[PDB]
Engineer: 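Below is one structure. I have some questions about it.
Each chain gets a letter, A, B and so on, in the order the sequences are listed, and its residues count up from 1.
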Protein chains: 6
Amino acid sequence: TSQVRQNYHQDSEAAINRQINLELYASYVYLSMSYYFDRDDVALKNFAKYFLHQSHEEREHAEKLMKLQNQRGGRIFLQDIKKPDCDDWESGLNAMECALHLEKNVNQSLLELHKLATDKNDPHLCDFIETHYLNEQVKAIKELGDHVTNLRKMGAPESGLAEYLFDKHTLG
Amino acid sequence: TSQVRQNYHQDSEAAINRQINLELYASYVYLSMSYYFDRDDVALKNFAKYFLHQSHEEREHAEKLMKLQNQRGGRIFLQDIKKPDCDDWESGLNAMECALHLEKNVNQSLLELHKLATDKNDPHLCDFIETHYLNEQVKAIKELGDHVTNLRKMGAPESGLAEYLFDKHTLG
Amino acid sequence: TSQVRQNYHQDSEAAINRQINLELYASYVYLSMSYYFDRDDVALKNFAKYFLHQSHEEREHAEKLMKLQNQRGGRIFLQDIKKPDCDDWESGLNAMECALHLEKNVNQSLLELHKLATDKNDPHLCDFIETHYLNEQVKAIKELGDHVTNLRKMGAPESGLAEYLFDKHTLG
Amino acid sequence: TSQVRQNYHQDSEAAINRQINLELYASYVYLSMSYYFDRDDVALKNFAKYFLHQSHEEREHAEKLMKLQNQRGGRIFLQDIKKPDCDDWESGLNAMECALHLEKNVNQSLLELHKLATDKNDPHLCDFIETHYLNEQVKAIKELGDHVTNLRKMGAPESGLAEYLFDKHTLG
Amino acid sequence: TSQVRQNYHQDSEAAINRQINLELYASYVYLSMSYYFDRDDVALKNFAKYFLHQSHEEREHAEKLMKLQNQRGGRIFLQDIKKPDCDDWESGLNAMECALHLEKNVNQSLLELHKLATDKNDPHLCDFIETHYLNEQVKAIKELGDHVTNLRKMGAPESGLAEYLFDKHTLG
Amino acid sequence: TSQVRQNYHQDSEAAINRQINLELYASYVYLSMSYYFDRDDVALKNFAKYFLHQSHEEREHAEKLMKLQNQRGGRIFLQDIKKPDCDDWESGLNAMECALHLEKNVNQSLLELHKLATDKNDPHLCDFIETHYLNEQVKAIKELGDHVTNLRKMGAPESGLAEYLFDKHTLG
């Protein structure tokens with residue numbers, strides 16, 4: 001119906017809307033993580049700053065997907081943003097592991113989106129996904145894996161000195 | 001239970017959590033409004049920029065309330081962010097009127113919060129609400145009323161030239 | 001025969017030559033549009049400047065395709081540049097609609113080229129098309145759609161005040 | 001019919017349109033020459049740059065003639081731009097000789113145009129031709145003659161060292 | 001086994017290791033070429049500088065592939081770097097021809113890698129190859145072809161004046 | 001045979017070629033070490049940066065030896081660069097110990113080279129070895145010994161906090 005729509009399948013539009021919702025959910029999860037570490041009984045300032053920065057990046061990703069949906073002539077349809085699975089994250093290492101799991105889930109969703117775009121012969125959507133989302137996801141997963149490895153080697157759960165020093169020297 | 005908690009009633013904590021959810025909902029509504037005007041069949045760039053700026057301000061307000069909740073020793077509890085009431089907003093004037101209605105609703109919620117804080121003899125919470133939320137809400141309501149009045153005088157619904165010129169000269 | 005030719009099918013070379021001709025034709029059409037609005041009985045200076053800028057961009061696109069043809073070891077074969085379908089364009093809105101139609105035609109040609117490159121297993125050609133032509137085409141179509149929508153809302157055909165104000169405020 | 005038309009004969013308008021077409025054809029020929037020397041089996045970068053610069057100048061000349069046609073109240077009528085007479089130019093010296101022949105042809109056309117303008121008692125058109133086209137044509141012919149003479153003296157056809165050194169020292 | 005591994009097939013990992021070895025071999029070959037021209041009985045300084053620059057670029061390409069292997073969770077496995085096929089290269093033209101042959105071989109290897117990645121449905125690897133290796137390879141092949149053509153036209157083997165002047169004017 | 005050769009014994013030329021191969025092998029070993037620490041399950045960025053810097057320094061040493069071989073009129077003869085003895089280095093301390101062992105081996109080779117040059121009465125070669133290689137080797141051995149001592153005192157193998165803090169404070 002749109003005057004600008006060309007070679008844009010409806011299934012691609014629906015999948016783009018789903019990815020928008022997933023990105024907003026990830027932003028919400030990162031916000032919850034960030035303000036968990038601002039509590040007085042946790043008090044890890046650099047963890048909070050890191051997760052807040054991640055939350056803002058996820059919001060930017062969702063906005064970029066919405067702009068893409070408008071560019072191709074599709075229609076945005078927003079759903080409810082579900083609350084995160086946890087209220088307390090119990091440690092920096094546990095929050096890092098949960099963030100890694102969430103990023104791998106988002107990467108799987110993006111790979112499904114790219115496969116769908118390939119099946120519909122939509123080169124512009126494929127290139128958009130490759131240029132703006134796949135490499136950023138790979139880099140994020142690699143960085144979170146590095147952080148988890150360093151915290152595990154330091155003795156993160158049992159020794160709070162480990163999380164304290166990781167907060168200053170790596171995330172500071 | 002918190003080592004920093006002093007003169008902070010549980011009802012105030014619950015009301016602060018509710019206000020956090022309301023602020024996030026307002027941010028979501030403004031994001032929906034902003035990307036409605038980025039569509040090719042609406043194409044009002046300055047309306048979209050205005051509503052995106054409003055959305056970012058609402059997110060900042062929610063983050064400030066979360067910081068306040070952490071400062072006093074309360075615990076943040078997040079709920080689902082409901083999707084906005086509308087998908088298409090049908091005009092700049094209608095979106096402005098809906099934004100005015102939403103801001104008046106938020107002002108009523110903040111006034112209820114202030115009354116609750118007064119009843120519990122919590123001067124810090126009362127002053128926080130007065131300093132950071134009440135005057136900003138009054139200014140926002142006044143500005144939205146001015147915009148609605150100008151659009152109505154210009155003939156906003158029937159004449160698209162009115163919305164075009166308002167987009168360039170007022171919001172540009 | 002070329003010492004640099006590798007994995008470059010002849011059908012791809014022929015399609016590249018055809019795309020070169022199409023780009024030059026689009027440049028010619030935009031030049032005709034630009035100097036239509038420089039007439040004393042039309043006198044829309046910013047429309048003329050916009051279409052001249054589009055013409056120069058199309059010439060750049062054709063030159064880039066010729067450079068690509070030389071890079072892979074193919075041979076450029078030029079054809080006649082057909083004169084545009086119209087010499088008088090009758091309004092800014094009509095010229096914008098014709099430009100939108102032309103850009104959608106060029107996008108369809110580029111999509112056919114990308115499909116042909118995919119069928120021949122030529123990743124370099126596919127990436128070249130994706131990187132330099134597909135997103136620019138999508139952006140151009142979106143911008144032309146926005147312009148057409150704004151002109152239609154203002155009342156572009158019947159009211160010359162609409163085209164006058166669009167010339168100053170949007171294209172100026 | 002034009003409100004600005006004064007002392008502008010129809011034959012002059014037709015001849016101006018013909019000159020516009022000739023200028024566009026010359027631009028096309030120079031583009032073909034320029035990308036002939038970008039081939040890997042020719043590989044004379046400075047020859048290609050020289051001919052591309054000539055092509056851009058010819059396009060500017062055509063645009064100036066179109067502006068002149070609009071200034072006097074005549075109507076532009078575009079024809080097909082014929083493809084150049086050759087695909088391969090076989091040497092720098094041969095391309096230079098062909099460019100010299102083309103420029104002398106364009107000079108003859110401009111002299112016929114000036115004679116026609118003189119016969120119709122149109123001083124503005126005569127002065128426009130004298131100021132913007134005749135001296136530039138004479139300078140171009142002189143420069144091309146100098147280049148042809150130097151290439152012939154160096155032994156351009158048989159010795160490729162001649163064309164190599166001319167590319168670096170004269171056109172570089 | 002890696003915590004960051006996702007959608008990364010083992011055959012892709014093995015092919016990445018093979019490409020790493022090929023890149024290191026190319027760097028070694030270019031180093032041999034570079035120091036062949038530093039000999040007192042050859043004494044072409046700019047040829048040596050050119051080939052040393054190529055060697056450093058190949059080392060950078062190998063390091064980038066190793067970084068890619070670490071990013072996706074694969075394991076690097078290094079093999080022996082074979083000595084180059086020749087120790088004396090006998091002329092600048094012969095070295096240029098051998099470099100062209102080597103670059104075409106590397107391009108064929110990269111195309112096989114891209115085909116393998118496509119067959120395994122690995123969009124990130126495909127985009128990495130397209131973004132960082134395919135266009136650089138095409139440009140390198142085009143430049144080497146240009147150099148070979150110019151040297152052949154000047155009379156590179158029989159006339160040492162040709163190689164001397166090419167060393168100063170093109171590679172200097 | 002070389003016109004520049006003077007007081008340059010064949011055994012010295014062969015030993016110089018062997019030292020070139022040894023330097024290239026050391027560069028390869030350091031590259032392997034550097035990218036071992038870039039893995040997600042090791043994740044010691046500063047160790048990786050240190051070993052990459054060492055690898056580049058070894059490549060520079062090999063290039064300097066090749067330049068020396070060309071200066072005196074000898075002929076470079078390259079051999080295969082053997083793959084390093086290990087794939088995984090298992091700790092920062094173990095990699096440091098292996099680097100120390102490798103540097104002591106290289107120092108022994110250089111001392112044998114200097115003794116050979118002394119026996120052949122070649123003062124220029126002796127002074128070249130003394131000026132550019134012996135003191136650098138002594139400094140490298142001293143620095144690696146310091147690093148090994150500090151890691152051992154910190155408790156490097158059993159305690160990963162030791163390697164983490166050494167990575168930030170010494171190598172950072």
Side-chain angles (χ1 to χ4, degrees), chain A residues 15 18-39 42 44 46-58 61-62 65 79-81 83-114 129 132-135 137-138 140-157 162-163 166-167 170-171, chain B residues 76 78 80-81, chain E residues 1-9 70-74 122-124, chain F residues 39-43:
Chain A
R18 257 129 48 201
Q19 192 66 36
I20 284 158
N21 189 82
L22 193 47
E23 223 71 41
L24 288 164
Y25 173 76
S27 184
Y28 203 17
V29 169
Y30 276 128
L31 178 65
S32 177
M33 254 166 218
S34 170
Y35 277 91
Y36 169 79
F37 286 100
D38 190 64
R39 281 161 53 158
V42 182
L44 291 169
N46 289 311
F47 273 92
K49 162 182 127 223
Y50 182 85
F51 286 124
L52 189 62
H53 174 262
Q54 306 314 122
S55 180
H56 289 161
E57 278 195 10
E58 300 304 324
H61 299 171
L65 283 165
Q79 306 312 315
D80 287 339
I81 308 169
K83 70 164 147 102
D85 284 306
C86 311
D87 291 295
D88 65 326
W89 301 96
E90 308 154 16
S91 72
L93 170 64
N94 182 64
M96 278 300 183
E97 278 164 353
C98 289
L100 175 62
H101 172 93
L102 171 71
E103 298 280 16
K104 270 159 100 43
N105 222 72
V106 175
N107 195 28
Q108 189 57 57
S109 177
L110 283 166
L111 292 169
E112 265 329 272
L113 183 51
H114 188 283
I129 294 158
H132 302 296
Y133 290 82
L134 290 192
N135 186 41
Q137 221 59 32
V138 158
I141 291 163
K142 177 62 159 57
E143 158 166 41
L144 286 169
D146 299 325
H147 290 344
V148 161
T149 292
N150 271 297
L151 281 167
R152 264 176 201 160
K153 252 104 164 74
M154 278 162 104
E163 317 221 293
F166 186 84
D167 179 275
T170 296
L171 303 178
Chain B
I76 301 160
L78 300 170
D80 289 336
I81 308 169
Chain E
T1 70
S2 174
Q3 57 182 343
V4 311
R5 193 179 190 122
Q6 195 176 18
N7 201 42
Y8 197 52
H9 202 287
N70 270 336
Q71 270 183 6
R72 298 293 302 276
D122 196 337
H124 178 264
Chain F
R39 281 161 53 158
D40 75 87
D41 54 357
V42 182

Engineer: Can you name the closest pair of heavy atoms from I129(A) and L113(A) and give their distance?
Structural biologist: CD1-CG, 3.7 Å
Engineer: Please tell me if the side chains of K49(A) and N46(A) come closer than 4.5 Å, counting only heavy atoms from C-beta onward.
Structural biologist: yes
Engineer: Would you please indicate yes or no on a ring centroid separation below 6.0 angstrom for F166(A) and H147(A)?
Structural biologist: yes
Engineer: Donor-acceptor pair, distance only, cut-off 3.5 Å: does the side chain of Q54(A) make one with the backbone of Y30(A)?
Structural biologist: no
Engineer: Over all heavy atoms of both residues, which pair between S32(A) and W89(A) is shortest? Give the atoms and the distance, please.
Structural biologist: OG-NE1, 3.6 Å
Engineer: So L65(A) and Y133(A), do their side chains get closer than 4.5 Å, heavy atoms only?
Structural biologist: yes
Engineer: To check you understand the geometry: which heavy-atom pair defines the closest contact between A162(A) and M154(A), and what is its length?
Structural biologist: O-CE, 3.3 Å
Engineer: Do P123(E) and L110(A) make a side-chain contact, defined as non-hydrogen atoms from C-beta onward lying under 4.5 Å apart?
Structural biologist: no
Engineer: When rounded to the nearest 0.5 angstrom, what distance separates CG in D80(A) from OH in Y25(A)?
Structural biologist: 13.5 Å
Engineer: Can you confirm whether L134(A) sits close enough to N107(A) that some side-chain heavy atom of one is under 4.5 Å from a side-chain heavy atom of the other?
Structural biologist: yes
Engineer: Could you list the residues that satisfy salt bridge (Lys or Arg N to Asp or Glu O under 4.0 Å) with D41(F), not counting sequence neighbours?
Structural biologist: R75(E), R39(F)
Engineer: Atom CE of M33(A) and atom CG of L102(A): how far apart are they, to the nearest 0.5 Å?
Structural biologist: 7.0 Å
Engineer: Given side chain to side chain contact (heavy atoms under 4.5 Å, CB included), test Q3(E) with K104(A) step by step and report yes or no.
Structural biologist: CA-CA 10 Å; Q3(E) 57 182 343; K104(A) 270 159 100 43; over 6 Å; no
Engineer: If only atom types and distance count, is the side chain of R72(E) paired as donor or acceptor with the main-chain N or O of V138(A) below 3.5 Å?
Structural biologist: no
Engineer: Kindly say whether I76(B) contributes a backbone atom to a donor-acceptor pair with the side chain of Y36(A) at under 3.5 angstrom?
Structural biologist: no
Engineer: Kindly compute the distance separating CG (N105(A)) from CD (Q137(A)), expressed to the nearest 0.5 Å.
Structural biologist: 10.0 Å
Engineer: What residues, two or more places apart in sequence or in another chain, satisfy side-chain hydrogen bond (donor to acceptor under 3.5 Å, both in side chains) together with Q19(A)?
Structural biologist: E23(A), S109(A)
Engineer: About how many Å separate SG of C86(A) and CG of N94(A), when rounded to the nearest 0.5 Å?
Structural biologist: 7.0 Å
Engineer: Atom CG in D122(E), atom NE2 in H114(A): separation rounded to 0.5 Å?
Structural biologist: 10.0 Å
Engineer: Do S2(E) and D40(F) have side-chain atoms, one donor and one acceptor, less than 3.5 Å apart?
Structural biologist: yes
Engineer: Applying salt bridge (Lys or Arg N to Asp or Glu O under 4.0 Å), can you list everything that pairs with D167(A), at least two apart in sequence or on another chain?
Structural biologist: none
Engineer: May I ask you to test the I141(A)-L100(A) pair for a side-chain heavy-atom distance under 4.5 Å?
Structural biologist: yes
Engineer: Give the C-alpha distance, both sets of side-chain angles, the deciding distance and a yes or no for side chain to side chain contact (heavy atoms under 4.5 Å, CB included) between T149(A) and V42(F).
Structural biologist: CA-CA 7 Å; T149(A) 292; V42(F) 182; over 6 Å; no
Engineer: With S34(A), which residues qualify under side chain to side chain contact (heavy atoms under 4.5 Å, CB included), at least two apart?
Structural biologist: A48(A), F51(A), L52(A)
Engineer: Has the side chain of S27(A) got a donor or acceptor atom that lies under 3.5 Å from a matching backbone atom of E58(A)?
Structural biologist: no
Engineer: Can you sort out the partners of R5(E) under salt bridge (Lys or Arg N to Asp or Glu O under 4.0 Å), two or more places apart, ordered by chain and number?
Structural biologist: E13(E)
Engineer: My understanding is that only residues two or more places apart in sequence, or in another chain, count here; which of them pass side chain to side chain contact (heavy atoms under 4.5 Å, CB included) with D38(A)?
Structural biologist: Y35(A), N70(B)
Engineer: Out of curiosity, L111(A) CG to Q6(E) CD, how far, rounded to the nearest 0.5 Å?
Structural biologist: 6.0 Å
Engineer: Before giving the answer on side chain to side chain contact (heavy atoms under 4.5 Å, CB included), spell out for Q71(E) and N135(A) the whole-Å C-alpha distance, their side-chain angles and the decisive distance to 0.1 Å.
Structural biologist: CA-CA 10 Å; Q71(E) 270 183 6; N135(A) 186 41; 4.3 Å; yes
Engineer: Compare all side-chain heavy atoms of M96(A) with those of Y50(A) and state whether any distance is below 4.5 angstrom.
Structural biologist: yes
